[PDB]
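**Q** just the structure for this:
(chains A, B, C, D, E, F, G, H, I, J and K, ligands or ions: 9)
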Amino acid sequence: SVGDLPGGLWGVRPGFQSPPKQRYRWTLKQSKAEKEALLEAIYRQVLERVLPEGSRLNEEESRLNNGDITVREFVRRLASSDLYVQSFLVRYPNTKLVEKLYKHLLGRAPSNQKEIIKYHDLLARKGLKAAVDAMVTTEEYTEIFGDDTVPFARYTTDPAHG
Amino acid sequence: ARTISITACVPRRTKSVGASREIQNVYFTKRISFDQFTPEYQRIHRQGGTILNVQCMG
Amino acid sequence: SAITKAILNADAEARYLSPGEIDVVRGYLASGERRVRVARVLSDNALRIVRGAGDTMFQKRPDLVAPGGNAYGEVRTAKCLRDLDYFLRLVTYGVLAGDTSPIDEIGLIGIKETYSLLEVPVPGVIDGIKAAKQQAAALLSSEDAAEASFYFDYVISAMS
Amino acid sequence: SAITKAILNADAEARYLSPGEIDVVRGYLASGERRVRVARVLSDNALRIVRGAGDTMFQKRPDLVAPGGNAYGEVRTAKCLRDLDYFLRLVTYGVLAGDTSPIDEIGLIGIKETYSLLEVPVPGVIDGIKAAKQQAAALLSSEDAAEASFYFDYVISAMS
Amino acid sequence: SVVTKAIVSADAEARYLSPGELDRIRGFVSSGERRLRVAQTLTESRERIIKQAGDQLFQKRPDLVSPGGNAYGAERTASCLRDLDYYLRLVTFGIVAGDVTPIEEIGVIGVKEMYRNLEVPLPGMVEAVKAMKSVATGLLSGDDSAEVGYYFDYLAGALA
Amino acid sequence: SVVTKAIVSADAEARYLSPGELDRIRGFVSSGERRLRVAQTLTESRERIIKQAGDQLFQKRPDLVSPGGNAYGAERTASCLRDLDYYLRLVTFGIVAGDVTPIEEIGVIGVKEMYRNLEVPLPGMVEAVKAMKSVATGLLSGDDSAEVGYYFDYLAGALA
Amino acid sequence: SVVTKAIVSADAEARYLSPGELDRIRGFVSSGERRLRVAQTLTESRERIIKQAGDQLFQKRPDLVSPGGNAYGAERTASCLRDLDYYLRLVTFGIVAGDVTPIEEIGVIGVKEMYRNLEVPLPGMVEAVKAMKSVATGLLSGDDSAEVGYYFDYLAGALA
Amino acid sequence: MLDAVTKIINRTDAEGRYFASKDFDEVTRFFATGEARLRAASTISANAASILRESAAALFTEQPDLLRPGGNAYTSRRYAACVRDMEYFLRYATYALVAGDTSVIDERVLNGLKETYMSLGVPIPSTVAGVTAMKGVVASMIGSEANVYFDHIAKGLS
Amino acid sequence: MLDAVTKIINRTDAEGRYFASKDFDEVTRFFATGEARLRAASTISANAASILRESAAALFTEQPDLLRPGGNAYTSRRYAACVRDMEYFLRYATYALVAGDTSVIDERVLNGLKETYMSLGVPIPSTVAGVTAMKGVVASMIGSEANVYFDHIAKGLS
Amino acid sequence: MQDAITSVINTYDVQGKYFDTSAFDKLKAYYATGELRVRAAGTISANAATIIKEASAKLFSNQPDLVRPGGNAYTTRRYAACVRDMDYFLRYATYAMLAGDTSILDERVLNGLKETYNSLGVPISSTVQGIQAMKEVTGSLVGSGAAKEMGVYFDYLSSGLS
Amino acid sequence: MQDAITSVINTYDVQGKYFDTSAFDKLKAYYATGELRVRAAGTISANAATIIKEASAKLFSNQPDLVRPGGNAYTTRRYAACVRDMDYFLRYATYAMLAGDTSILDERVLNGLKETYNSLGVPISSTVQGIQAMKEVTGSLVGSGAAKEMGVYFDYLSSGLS
Ligand SMILES: CCC1=C(C)/C(=C/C2=NC(=C\c3[nH]c(/C=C4\NC(=O)[C@H](C)[C@H]4CC)c(C)c3CCC(=O)O)/C(CCC(=O)O)=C2C)NC1=O
Ligand SMILES: CCC1=C(C)/C(=C/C2=NC(=C\c3[nH]c(/C=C4\NC(=O)[C@H](C)[C@H]4CC)c(C)c3CCC(=O)O)/C(CCC(=O)O)=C2C)NC1=O
Ligand SMILES: CCC1=C(C)/C(=C/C2=NC(=C\c3[nH]c(/C=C4\NC(=O)[C@H](C)[C@H]4CC)c(C)c3CCC(=O)O)/C(CCC(=O)O)=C2C)NC1=O
Ligand SMILES: CCC1=C(C)/C(=C/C2=NC(=C\c3[nH]c(/C=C4\NC(=O)[C@H](C)[C@H]4CC)c(C)c3CCC(=O)O)/C(CCC(=O)O)=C2C)NC1=O
Ligand SMILES: CCC1=C(C)/C(=C/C2=NC(=C\c3[nH]c(/C=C4\NC(=O)[C@H](C)[C@H]4CC)c(C)c3CCC(=O)O)/C(CCC(=O)O)=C2C)NC1=O
Ligand SMILES: CCC1=C(C)/C(=C/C2=NC(=C\c3[nH]c(/C=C4\NC(=O)[C@H](C)[C@H]4CC)c(C)c3CCC(=O)O)/C(CCC(=O)O)=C2C)NC1=O
Ligand SMILES: CCC1=C(C)/C(=C/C2=NC(=C\c3[nH]c(/C=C4\NC(=O)[C@H](C)[C@H]4CC)c(C)c3CCC(=O)O)/C(CCC(=O)O)=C2C)NC1=O
Ligand SMILES: CCC1=C(C)/C(=C/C2=NC(=C\c3[nH]c(/C=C4\NC(=O)[C@H](C)[C@H]4CC)c(C)c3CCC(=O)O)/C(CCC(=O)O)=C2C)NC1=O
Ligand SMILES: CCC1=C(C)/C(=C/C2=NC(=C\c3[nH]c(/C=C4\NC(=O)[C@H](C)[C@H]4CC)c(C)c3CCC(=O)O)/C(CCC(=O)O)=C2C)NC1=O
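**A** Numbering: from 1, shown residues only, chains lettered A, B, ... in the order given. Ligands and ions are numbered 1, 2, ... in the order given. Pasting the structure now:
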């Protein structure tokens, strides 16, 4: 009844990632520790863990801290960055990249063959960057995560939003 | 390439009010690359928003 | 150019030029005289290259200039030859730049939508560019012809 | 501060302060007198704490002030002792606020890359900070020493 | 729980608990005997609290137990008093836990949808929770009355 | 390597390698013989490069092998020389690959955490790598000396 | 179909169908017999429609069946007429469905890649669809011709 | 955001000095008033729904033309948004009362609000009147403890 | 971004003409200076940490007030950001040196930098002095090959 | 996750009962141990880096082939991954000692870890030995009673991976 | 992925060895063929669409039921997907030939491919026939040595599928 993780028999979440109910939102005036924690959560959620030091983006982090770009823009740039390529693309086929991108950018799994076909076609014809651009400009992303929240794994049924 | 500064107000007139802060998602200024400018333009329009100002730095 | 692409890779990782990128920039600077030579040959003979390419294309595809064809009439055929001259100038830009970036930035991005709206048969453009490649390879040495043929083939493949 | 953390947690959920959060704020407001006592003792004794900690740090690691050492010379020894004084002031701030937010905001975020680019030996800094912790514990009671040592150990662990 | 919220806050930032979170846990565990005596006191007088609070609620809201009311009949009134007992037990749980987390996860999340499906008026629930608050704080001393009242106040706000 | 970097960049963009990338690979495979001779030359000069670099490091940083230093003793000095040994082997790998990918993947990513966990001072890394640079590039001709210096400079910048 | 679009729109909003959506469905089901009779009329006249549409297409674009054309030869002309028959059957499917969804799913998605692989000129496809529309609407009444022309115009716009 | 202790710490840090007697005096004075401010904040939280209800009633009794057709508060959704904004002001005034410092109001509430209302068409003076009425209700319930934070919100909008 | 060759290509393309002998002359001159510019860039890259450390030392020795409490370079965080911006300037000057053009500096560094520094409170003449000190160090190490790009950064800040 | 208090609450809530004398005894026991747990957690957080240094030194001295070529911890990247894994093990054991409950080790650490280690080629017995080394060092630093407390969660991790 | 050079590098790194005569000979063998591989990659890239037109025409002529109603390639969408998959096979064969290694065929293509095709019902024998036709068309462009080299990677794909 109390303190159970969503998923029942599968209510587990690897400690490398964020706790399943945590939400990380960017505000314009927040402490520098809050900013660093938000960046760390973005990496933890897109790349599934913290990278060895020296691997984080330099200029993109400065833009995000300043508010020049948004969390959604940072996520877009990270998911198409060389880090994401070396982490997932070089070791998986594009079909696996479709589930990886769903998990990282939308917090869920593809539900049917049309959802796989869309981003697999984008990966096949235009590459990773086009698939990421398409996924983070969906209305589902805009309504669930908006522009300033880190994407998260979603565990409550919400048929209108996927 | 090039980057465009957009200043816009995107209202919430189509959905129920919430107790969270959304003043950022409503009125904003951001720098977007040229390739994202048409999607941003159209999504601002589709949500009932008004594009207050457009600038090209340089 | 190649220098621009190496700098972009260095910038994306917030680092200085790597030994591989330095080798790239050095090998590009070493190709300077050869690329400039090929560019002068293609630029100085541009008019005759375009004349021959248009002749060959119109021979292979008469329906282009046949009544009801896309290039029918003086103005539309001249517009066609202008497009061929455009693509040749872009090929020279690619030869000097050492990459295909100027060719994309000026003529290849949006060319398919353009030619589909105008009902320009892209295969015929491909014959015209193939003819220009043959004309230019006539005027170049084997290595020089190989150097220019890379960008001619890139234009052809981007069309098709 | 502790109140800042409770309020930020309540605002993150768009709700009012919960009984646990109200209890946290009440506990901090109760501990305020002891906090002010510990901070006052550390503040009036800053000179002797920093002097003793610097003496024992330089005795443990004489190569730091030896020629070619990172703190060799009057100016660099002065900057080293100034850094130790800075960290003592940050420990007092943390003792007052009830969390490490002042310590993190003012002195810790960015110290690692700062000392990396300056090639300042972090183990030397940690030796000075531990030395300051023992100097402070000498002037404090056992419970006051434990309260101060919490924030001293936070600083050490952030350095390490 | 206080301990669970501290651990989850530390886990969300992938860090050890700070001095502040440890202070919060110390404050919680140092109060365990008092809140546990309060839980025992509420638990032993559950019949007294439920009966008096039901009497106060039905005097304050006669429409609930008159015909056409949701609690009209002895069986529906017994159901009413039964989930008053539910909320009193949840209050005792939250008192030993130091936070409203058990109350929120057992009896608050989804409560409005449940009471709409059951046709239970939410203002009637708010009045019932206020009656339980008055009776339960009547049985406690002032300092304990305030801390229990916070839990009941959270409950009433959650039902509204 | 160079070929892998080109293929991965093309793969992530769902395209065949462009003329510029094919130029990069062509220049790389044309230089394979001289790269491979240079890597051989560095391989025969194994014991001398490691020994002289270690001597220069220990002279310019005598604290490392003084008591309490990280490289103090015969075993720790042997482990010290073994790390330089590793890094020279990585520099030969990167020379044959045409890029610093082997160096980055085997001995740069995570190197900060490794040496922090081992208490090995990074400025000692930098000085030992620069000493290896001087000794190694002392053994090659003009162009090859600069080419190998770039790899050593990448590695010394990464260790900083 | 019409019902599918209504249900999908309602499901994307996670609600029951509004009065307007049910109005769309009532309008669709009322006109069912008219659509079915139109579809039967077109299905009875399959071969004569395809024969006449092919005749007008090859009359107005003789270059398609002229030597060097995409449809030159009996086999390629038969494939052309076969594609016209496919799209006629798709139009009948769309007519009974009340919307162009069957046409879109069976013969529109990926059509341009398909015909580019087949060297089939898209303007010729547009002209064939216009010819087939002329023949098919000429067989229908004034009212029915309008809605079937709408499906043919959708198909011609999609192939354009 | 800042509380009173953090404000004093920042003031001392900007001078790079340790806490002196006067700074310890503001700190101890903040600690002395802490329990009364907590009691007031708990009182506000327990009665938030009522406070909001008669604040809205007072505002729309004073200015019924906001609720009339064509008024800024005329639709169910716009009345919702009005009361939602008043709930914002109440909650953040409570946060400022617990912290003892008005910064949380500045960064969380007032930052970009005046421009956002002008873009939305929300009337500033009527919103200020609503804040004032809410201040009156809160003061009737707890006293003058939270007056300064409501005045801060009113000045920020005005 | 633009290098010198792409800038010449854009000039010709805007004119619509094939390369003439003059344009081929600028292209050959760029190719001629390329190898020396590469050597200078490699020298800068090999000594980047030393150059950055020396230039930060020079700036803060010449303006010690920036590091005192209340200075814009006073905290570990603000100092790290200052030396981070110096590293930005050095790396982008090196990019511009290799490309033979200042376009990368304009689009990647200077665009909106003044507005960012005024919004943050970063003092512009202090940063310009830092760029000047960095220019002096880099000139001491590689000669006058890169001081035009540092001058461009200083003018863009000014 | 659950702590001792939440475990008691869960038992009594699913049974539908109020707290009895035995429940109050269990809650008193957790409150009594709370001071020891907080002390031990502070000591561990103060000393986490040193504990990792000593534990990895002992593991790589007992099994020198791990960090030599051919060993799973030979490269800077794989050594870093190793010590990061040990750090996460230490932090989650400290969490579970504070909670007085091993549930967080089930939710955040163990589930799927054996499979990941087998799939990556990580030696699992060597990882268990590293966890034991951390146990020895931590017991040294925390004292006898806190050592007996932390040993429970260390052994839980060891048996879960074994 | 691994190319030939990084394959040798990895072997010697795992052994903890410098390059010796055998390693230098393997690297010379790869460098010697590099001009041929680059020429073949350029030729294939120049003629890719033609290769796919010819290979798909041959495959659908040999198996007409694939494109008639009821076939797996009967619709415009499934025809487009089929020649898209042929584009995969051509592009990844060219990558592997240019690398001199079949690794990228393992990470990026073959892994999960049989499962994808079996779940979709894509006929695997027909796909192998299309791959064989593509091999023949490519050999009829690139020349004897490059054709023999591209054949290795085409048979690698065919064997992985069948
Ligand atoms: C916590 C910080 C915060 C504040 C303060 C805030 C104010 C705020 N009020 C809004 C809407 C609104 N606000 C009001 C306010 C009312 N207009 C009436 O005339 C009254 C005079 C007045 C209140 C007493 C109204 C009517 C709207 C709806 C505007 C519209 O969409 O037409 C909006 C647009 C987004 C939405 O509708 O949810 C914002 C951002 N938002 C924030 O995140
Ligand atoms: C430098 C970058 C650049 C390119 C590449 C370019 C292509 C281009 N060609 C165009 C027209 C045209 N292009 C052609 C050429 C076609 N005629 C035959 O069919 C051939 C198959 C084929 C050429 C070999 C023709 C005939 C037109 C006129 C079409 C019309 O009158 O509607 C147009 C439409 C604007 C106009 O009226 O000229 C563009 C944009 N324009 C540019 O600014
Ligand atoms: C209030 C927050 C704050 C902190 C913490 C801080 C640390 C700090 N110390 C610095 C220099 C320094 N710091 C030290 C201290 C070292 N000397 C020995 O080696 C020891 C291991 C160690 C001290 C225990 C030394 C010697 C320098 C001068 C180094 C140089 O200029 O090359 C610098 C570079 C700027 C300057 O020269 O002032 C910073 C930013 N600065 C701040 O604004
Ligand atoms: C542990 C969390 C929890 C709660 C709180 C809960 C309440 C709850 N109350 C119920 C019935 C009821 N509950 C009430 C109570 C209402 N009557 C008056 O109006 C009052 C205003 C108000 C109570 C103070 C009544 C009258 C019923 C019977 C109505 C019916 O049968 O539909 C039911 C339907 C099944 C049953 O009778 O057991 C539930 C589930 N269930 C839970 O699992
Ligand atoms: C139901 C959806 C669907 C369609 C539409 C479809 C079309 C289709 N057309 C094809 C060839 C063809 N299609 C055409 C038709 C075009 N050529 C002329 O220019 C005309 C303008 C035009 C027809 C009006 C021709 C001539 C060919 C033979 C091309 C060749 O093989 O060389 C083929 C290759 C297999 C074969 O020839 O049997 C297909 C699959 N397939 C489908 O699954
Ligand atoms: C490559 C493109 C790029 C540039 C140029 C850039 C500059 C830049 N510097 C910043 C902060 C800063 N920059 C400085 C530097 C100044 N302080 C003074 O004392 C010095 C004289 C002077 C440096 C020489 C400081 C102190 C800050 C922190 C300001 C603060 O924390 O309030 C910020 C705000 C975001 C952040 O905190 O990281 C930006 C965007 N960012 C970029 O992505
Ligand atoms: C290829 C990637 C890689 C590297 C580089 C690597 C180095 C490495 N060096 C180690 C120890 C060491 N490394 C050093 C070297 C340092 N001492 C001085 O300060 C010098 C500045 C400096 C050498 C120039 C020393 C002295 C030790 C012994 C430390 C001890 O006894 O614990 C260890 C611990 C276990 C062992 O002895 O092997 C590793 C793993 N391992 C790797 O998988
Ligand atoms: C908080 C719960 C949690 C754990 C524990 C966890 C473990 C974990 N360890 C990993 C890799 C690794 N783990 C190790 C550690 C082992 N190798 C040595 O030989 C030792 C004997 C031993 C450790 C003492 C190594 C070397 C790798 C790298 C494997 C590789 O790169 O192929 C990975 C693969 C992803 C990556 O490299 O970042 C995971 C998920 N993940 C979690 O979410
Ligand atoms: C590079 C590694 C890779 C491959 C190969 C790959 C293939 C692949 N082919 C797919 C569909 C398909 N693939 C084919 C191709 C087949 N049709 C048959 O007639 C032919 C014998 C055969 C091709 C020659 C077809 C028809 C579909 C559509 C299946 C359907 O919609 O039911 C799909 C489902 C998603 C989509 O429709 O885009 C995948 C993932 N994905 C990958 O990441």
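
**Q** from here on, just use CA atoms for contacts and neighbour counts.
**A** Fine.

**Q** find the centremost residue of chain H, please.
**A** residue H:93 (3.0 Å; CA atoms, centre = their mean).

**Q** which residues touch the closest residue to that one other than its chain neighbours?
**A** Taking CA to CA, 6 or more residues apart in numbering or on different chains as the measure, residue H:93 lies nearest to residue H:149, with 5.6 Å between them; neighbours along the chain are not counted. If you count contacts by CA atoms under 8 Å, 6 or more residues apart in numbering or on different chains, residue H:149 has them with H:93, H:96-97, H:102, H:105.

**Q** host element of residue H:149?
**A** helix H:147-157 (DSSP states H and E).

**Q** and ligand 1, is that helix touching that?
**A** No - residues of helix H:147-157 are not located near ligand 1 by CA under 6 Å from any ligand atom, the shortest gap being 9.4 Å.

**Q** what parts of chain C come near chain G?
**A** Proximity of chain C to chain G is assessed by CA under 8 Å from any CA of the partner chain, with C:63, C:116, C:119, C:121 identified as the residues in range.

**Q** pull the number of nearby residues for the nearest residue to the first one once chain neighbours are set aside.
**A** Excluding its sequence neighbours, the residue lying closest to residue C:63 (CA to CA, 6+ apart) is residue C:69, at 5.5 Å. The local packing of residue C:69 (other CA atoms under 10 Å in any protein chain shown) involves 17 other residues.

**Q** SS state for residue C:69?
**A** When classified by DSSP: H, G, I helix; E, B strand; the rest coil, residue C:69 comes out as coil.

**Q** near ligand 8, which residues of chain A?
**A** Taking CA under 6 Å from any ligand atom, the part of chain A that reaches ligand 8 is made up of A:14-16.

**Q** tell me which helix or strand the residue nearest to the centre of chain H sits in.
**A** Per DSSP H and E, residue H:93 falls inside helix H:76-99.

**Q** for that helix, buried residues please.
**A** Neighbour-count burial for helix H:76-99 flags H:77-99 (criterion: 16 or more other CA atoms under 10 Å in any protein chain shown).

**Q** check whether it contacts ligand 1.
**A** Yes - with CA under 6 Å from any ligand atom as the criterion, ligand 1 is reached by helix H:76-99 at H:78, H:81-82, H:85-86, H:88.

**Q** isn't residue H:52 up against residue H:88?
**A** No - Residue H:52 sits out of contact with residue H:88 when judged by CA atoms under 8 Å, with a separation of 10.2 Å.

**Q** quick one on the thing from earlier: hmm, the residue nearest to the centre of chain H is touching residue H:145, no?
**A** No - the pair formed by residue H:93 and residue H:145 falls short of the contact definition of CA under 8 Å, at 10.5 Å.

**Q** what's the nearest residue to residue E:158 if we skip its chain neighbours?
**A** residue E:108 (6.6 Å).

**Q** returning to that earlier point: show me the residues of chain A next to ligand 8 that map onto helices.
**A** Secondary-structure check on these using DSSP state H: no residue lies within helices.

**Q** return only those of those found close to chain K.
**A** Intersecting these with the contacts of chain K gives an empty set (criterion: CA under 8 Å from any CA).

**Q** list buried residues within these.
**A** Of these, these count as buried by 16+ other CA under 10 Å: A:14-16.

**Q** tell me which of the residues you listed is nearest to ligand 5?
**A** residue A:14 (46.2 Å; CA to the nearest ligand atom).

**Q** got the contact list for the closest residue in space to residue J:77 that isn't next to it in sequence?
**A** In space, not counting the residues next to it along the chain, residue J:77 is nearest to residue F:110; the distance is 4.6 Å by CA to CA, 6+ apart. When contacts are counted by CA under 8 Å, 6+ apart, residue F:110 touches A:52-53, J:76-81.

**Q** and residue F:110, backbone torsions?
**A** The phi and psi values for residue F:110, taken as degrees, to the nearest 10, are phi 80, psi 0.

**Q** surely residue C:151 meets residue C:97?
**A** No - counting by CA under 8 Å, residue C:151 does not reach residue C:97; the two are 11.0 Å apart.

**Q** quick one: the helices in chain A, in order.
**A** Taking DSSP H as the test, the helices found in chain A are A:32-46, A:59-66, A:71-79, A:82-87, A:94-101, A:113-126, A:128-136, A:139-144.

**Q** residue of chain A nearest ligand 2, please.
**A** residue A:126 (22.0 Å).

**Q** equivalent analysis for chain C, please.
**A** In chain C, no residue comes nearer to ligand 2 than residue C:80, which is 3.4 Å away by CA to the nearest ligand atom.

**Q** now do the residue nearest to the centre of chain H against chain D, distance only.
**A** Applying CA to the nearest CA, to the nearest Å, one obtains 11 Å for the distance of residue H:93 from chain D.

**Q** quick one: contacts for that residue?
**A** Residue H:93 touches H:105, H:146, H:149-150, counting by CA under 8 Å, 6+ apart.

**Q** could you do residue H:96 as well?
**A** Applying CA under 8 Å, 6+ apart, we find residue H:96 in contact with H:102-105, H:149.

**Q** would CSV of those with secondary structure be doable?
**A** Putting the contacts of residue H:96 into CSV (three-state DSSP) gives the following:
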residue, secondary structure
H:102, coil
H:103, helix
H:104, helix
H:105, helix
H:149, helix
